[PDB]
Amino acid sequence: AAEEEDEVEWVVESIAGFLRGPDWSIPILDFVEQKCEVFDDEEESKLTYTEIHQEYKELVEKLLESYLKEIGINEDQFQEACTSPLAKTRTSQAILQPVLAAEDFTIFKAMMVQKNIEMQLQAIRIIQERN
């Protein structure tokens, strides 16, 4: 059992490495940048936010599935790793954010609203400079 839990620990660190790396992080960032435009910093959400959250869920499932298959980690191992307290302490809040955003719409919305604020600000700075 102790050796079996060491293997869980490997699985946790492997998942953590994936969530830190470009294979995961860059498709996520591309999605967030390309879809954040309709997310207004306002209390009430639009019906389209849900449609977009569904695509996000699909992307996340797709990325995770490829990872689990290319690396050779089955679903049961994946679940016992995500269940381990090591999953929380070996990953950071920032690394977990786009992962939690798959199940937690409130987290997803804040992430999209934040990216839209940033990209609008950059668009404004450019207009500011061209005159």
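All residue numbers are counted from 1 along the displayed sequence.
Review point. So 13 to 21 or 118 to 126, which one's hotter by mean CA B-factor in the entry?
Key: 118 to 126 has the higher mean C-alpha B-factor.
Point to revise | Comparing 43 to 51 with 64 to 72, the one whose average Cα B-factor in the PDB entry is higher | key: The entry gives the higher C-alpha B-factor average to 64 to 72.
Practice item. Grab the CA temperature factor for residue 28 from the record and place it in the lowest, middle or highest third of its chain. Key: Lowest third, going by the recorded CA B-factors of the chain.
Review point. By the record's CA B-factor, is residue 97 among the lowest, middle or highest third of residues in the chain?
Key: CA B-factor rank for residue 97: lowest third.
Review point. Sorting the chain's CA B-factors, does residue 81 end up in the lowest, middle or highest third?
Key: It falls in the middle third of the chain.
Point to revise | Within-chain third of residue 34 by Cα B-factor, per the entry | key: Its C-alpha B-factor belongs to the middle third of this chain's values.
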